[PDB]
Every structure is written in C-alpha cells, then in structure tokens.
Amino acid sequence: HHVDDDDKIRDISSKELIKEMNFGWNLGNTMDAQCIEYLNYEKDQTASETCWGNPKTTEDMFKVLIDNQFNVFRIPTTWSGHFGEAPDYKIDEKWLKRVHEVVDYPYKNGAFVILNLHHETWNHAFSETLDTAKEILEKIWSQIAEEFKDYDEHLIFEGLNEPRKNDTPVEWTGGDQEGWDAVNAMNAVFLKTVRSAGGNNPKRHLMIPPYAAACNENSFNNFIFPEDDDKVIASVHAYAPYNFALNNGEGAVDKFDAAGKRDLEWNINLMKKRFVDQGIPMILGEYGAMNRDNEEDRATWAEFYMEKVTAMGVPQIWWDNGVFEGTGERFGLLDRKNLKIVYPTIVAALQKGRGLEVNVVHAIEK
C-alpha cells in the first residue's frame, strides 16, 4: 500500500467494484435538460441545467443523499446544443466546465459517479445516419475522456443512453436488425475511443446499453457484449412493472398487486438470464415508480425490487427528476431546495432491501 500515488486508479474488475455500490440516484431533468429552441445556448451555454425547473445543482444535495447511504450518482447529460460543427464537434468550454463541477460533487465525496450522453439528437439507431453518428461519438468521447483522464475508478462512463429508432413502431418494443446493428456499432466505437485515451481511461469502467437500454428479449438477444474486457458493465433501464411504475394511460394502477409482482419477477428473470447467469456485470441505471399518492404500495414495491436485484448482485439507481406535483412523471425523492427526503419510507425500503441498517436522515416532517 505504502508508496502508492493519490492519483492511482485501482485495477479491479467491474464485478468486484460493483460490490462497493449500495444503490444510486440520478440527477434527472438537470444536465440532461434540453431546451435548444426555447433558450439560446450561444448566449449562455449552461442555462439548460435549470431549464426544466430544477435548481442549480449544489454539493449539499449529494451530501444529503450520501447521509442516506446512496453512493452511486448518475449524472445524465445532454451534450446536443453545447458542441460545434464538423469535423471537430468541439464541446463548449463553459458547458464542459460545469459538467466537470457537477461530477466533482459526488466524486470528491468518495462516491461513484456515472457520466453519459443523454438526449442526443444525432445518435439514433438508423442506418443512413450511422456514419456521422460514429464520427461524432468518437470526437465527443475523446474530449470527455481527455477532460477527466485523471479521475479514478469511481468515475464510470456510460457511452449512450437509450439509442433506438425514434418515432417508428419498433422504438420501444426492442428494435429490429437495423437498430440492433447500429447500437452495437456505436457501443464498440465508444469502447475503443475511451480504452485508448490517456491517463486512467484504459482502466476506466464503461457502461454500454442494449437497444433502447431496454429490458426486453429482442434487445437482450441482439446485444453484443465484449470479450475479454473485465471493466465493462451492461446498462439497463427498467421501470417494472410498467403499469404501476410509469404508465400514465389506460392500463395504469396505483397498487402493487400480485400481477405487478409477477411482471417484475419476469423482468428480473430476463436480466438474470442474460447478464448475471452469463457472468456479465450489469447496473440498472434507471428505475423508479411515480408518486400516485400511494406511499405504502411504493414502499412495498421498492423493498421487493431492491431485495430481488440485491439477491443477484445488481445495483439500481433511482430516477429522480425533481418532480413531485402535477400529472406527468412524479419521480421526485429529494427536495433539492430544502434538502429533505420527501418519501422517507421509500429510502428505508431501499436501505432495508439492500441488506443495510435502516436510517433515513433529513426526512421531511409532515
């Protein structure tokens, strides 16, 4: 130990590393917020951060979550609108500086941080678009890898978010050959680009999604996961059971019933069979259940899903968009302005289901 550098990145496998993860939270609707048309990014390259209504991110927001034993923070980040033309596609310096500031909030506090490319307009899973998309991917990921090359293993890159065939019948059903081929080609570019960047990047842990990051047989069966790289993790998003957790139309329910339970087990089984049983590390980078004024049902669900993915060594990361009111997706858990856990029974259910001591700190008091 004694003579080791403070900069050094541990050479450790993703399967071992993820045993250090408790469970996670996304800074949603923030660095991913995309208001290219409404705002004027050329005149203020970091105003997008608060354009969907969240406050400007602070270090104390992460400290509250750490106090509750969250230790992986995903920072979904939309680059589109903040970078220049071909052939350099240069990221604007002020936007990169702010993204760097936000990553440092959980990072400098010793937690895990995932940084991705989020609501990109240019990386859709189409054939006639793919050449450009690979070119941009390469240029963008080079810059980000260069910016953070000195960061240790706690900073993970997730190459793409939900790459898919936007506005076609196969957008959300798991895709088709054109989409599968495109997502595989883009993932391999991301992977090649980081592994050959400077500093710690060769040993950085890297997440790649199947098509749409979808938990579904089509996507899973057609996803190509790399040989002999022990530092790659599959990225999957799964708000199951959809009718309870995320559906705002006719099939929606506010009760976690015996059928929602079976639907979630089925989904967990698909991940188990595709990844855990194949010795592939995976992280559920998004999940959540909206508030439908049903705290006890959401607590039971969250404990159940946590205990099920914990029972298999898979961490999951709550999607928190800061939204608590309205019709629309109420995934808020942290009140970012008052610095309070709004649904402490949900956080207790995550601690409990993870196998941790239950201790919810900074609860609202109602």
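Quick note: we count residues from 1 along the sequence shown, nothing fancier.
Stretches 101-109 and 194-202 differ in mean CA B factor, with 194-202 having the higher one.
Higher mean CA temperature factor between 166-174 and 282-290: 166-174, per the PDB entry. Across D263, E227, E295, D254, the entry's maximum B-factor at the CA atom is seen for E227. Reading the B-factor column for the CA atoms of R274, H154, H237, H118 in the entry, the top value corresponds to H154. Sorting the modelled residues of the chain by their CA temperature factor places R330 in the lowest third. The PDB entry assigns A133 a C-alpha temperature factor belonging to the highest third of its chain's modelled residues. In this PDB entry, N338 carries a Cα temperature factor that places it within the highest third of its chain's modelled residues. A348: CA B factor lies in the middle third for its chain, per the PDB record. When the CA B factors of the chain's modelled residues are split into thirds, the value for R74 lands in the lowest one.
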